[PDB]
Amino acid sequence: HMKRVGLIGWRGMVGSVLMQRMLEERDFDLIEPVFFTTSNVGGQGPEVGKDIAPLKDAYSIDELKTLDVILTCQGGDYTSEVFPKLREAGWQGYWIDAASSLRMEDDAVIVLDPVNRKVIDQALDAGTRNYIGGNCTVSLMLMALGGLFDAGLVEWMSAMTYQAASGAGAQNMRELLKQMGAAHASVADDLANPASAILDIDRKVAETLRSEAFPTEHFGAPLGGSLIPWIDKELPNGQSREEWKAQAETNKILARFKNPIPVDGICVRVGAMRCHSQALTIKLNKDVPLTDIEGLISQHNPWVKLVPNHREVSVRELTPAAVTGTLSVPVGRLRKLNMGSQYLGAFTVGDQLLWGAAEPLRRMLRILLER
């Protein structure tokens, strides 16, 4: 009677974070883990404190059909190929996915249970079997500002993001680090010399970033020492796919199908490891006292952390350096903007790999087990 759960893409980065969290929370104690692979069939699986079967074929429909749940971080290409063939074979199990492939599908639900647990529960009773993790940007934003939407105060939102390299992949994180190392190495001697001219240092650093030898295989441009104001594919409307997801996924999570909330902005890649930062211009539909706003925000969930709008505490708490590897979602710089009393400014930071990827997936798995 214990559910057999198929783990796909566990070896990948997001999957590795998922593995780490599931191990910490002892998730494997309550399920029968079946690890699949697209390269090493028959090989050894990861240690989960119990005996498991050897690695099985992730493309074998016969194998997958025996599963009650499929938890995949393998990617959109894998989902696009296997999922339709599996459903056609009559598989009626639950499909939990990190990839964006099935997010906007009519028979699927974008999961972020601290925000839309009731949506998930109703979908489960309705017979929905597809539950997809939301885009990191949207998930991290809603984890921070869920209280405002829950109060029905948000008219629109303009989101300018500061997104980490982790969102692009493991090789991109490595490239960012190599780029930082290359930038520093070019002036390593000069940095030791106090009498070295800063403009000479700056000149050499700029040349290094522009040089061919600068590692730019995965980004196509320097990230370290710079930034990239475009993430994911270009769309015919002038949006990047990353920016398009902001409005589409926010309103689906909140189930705002009739009157959707306008969400837009610019998605920018910055030189951070695995934390997304977002500077937000928020239009509220009425004048609400700031302290009440802070109350609505902080009381929504136990992971959001209201950082007082003071300098040294903001410098220490509201940064990728302070958030990385943690489930904490700090939000600060909360104040009324000069445009009017209905204009709210906000800055938030969140780990891209946890709440922005892995954590909603394992939590969705636990929800299935509690039913």
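Counting begins at 1, following the sequence as shown.
Novice: Quick one: higher average CA temperature factor, 138-146 or 251-259?
Specialist: Mean B over CA atoms: larger for 251-259.
Novice: Identify the stretch, either 263-271 or 295-303, whose C-alpha atoms have the larger mean B-factor according to the entry.
Specialist: If you average the C-alpha B-factors of 263-271 and of 295-303, the larger mean comes out for 295-303.
Novice: Check the PDB entry and point out which of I231, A89, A206, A221 has the largest C-alpha temperature factor.
Specialist: Checking the PDB record, the top C-alpha B-factor among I231, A89, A206, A221 is at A89.
Novice: Compare the CA B factors listed in the entry for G325, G345, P320, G49 and report the winner.
Specialist: Top of the list by C-alpha B-factor: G49.
Novice: Where does the C-alpha B-factor of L18 rank in its chain, lowest, middle or highest third?
Specialist: Middle third - that is where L18 ends up once the chain's C-alpha B-factors are sorted.
Novice: Using the B-factor values recorded in the entry, state whether the Cα atom of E81 falls in the lowest, middle or highest third among the modelled residues of its chain.
Specialist: It falls in the top third of the chain.
Novice: Consider only the C-alpha atoms of the modelled residues in this chain, order them by B-factor as the entry records it, and name the third containing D121: lowest, middle or highest.
Specialist: Highest third - that is where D121 ends up once the chain's C-alpha B-factors are sorted.
Novice: Considering only modelled residues of the same chain, in which third does the CA B-factor of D97 rank: lowest, middle or highest?
Specialist: Within its chain, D97 is a middle-third residue by C-alpha B-factor, going by the deposited values.
Novice: Place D113 in the lowest, middle or highest third of its chain's C-alpha B-factors, as listed in the PDB entry.
Specialist: CA B-factor rank for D113: middle third.
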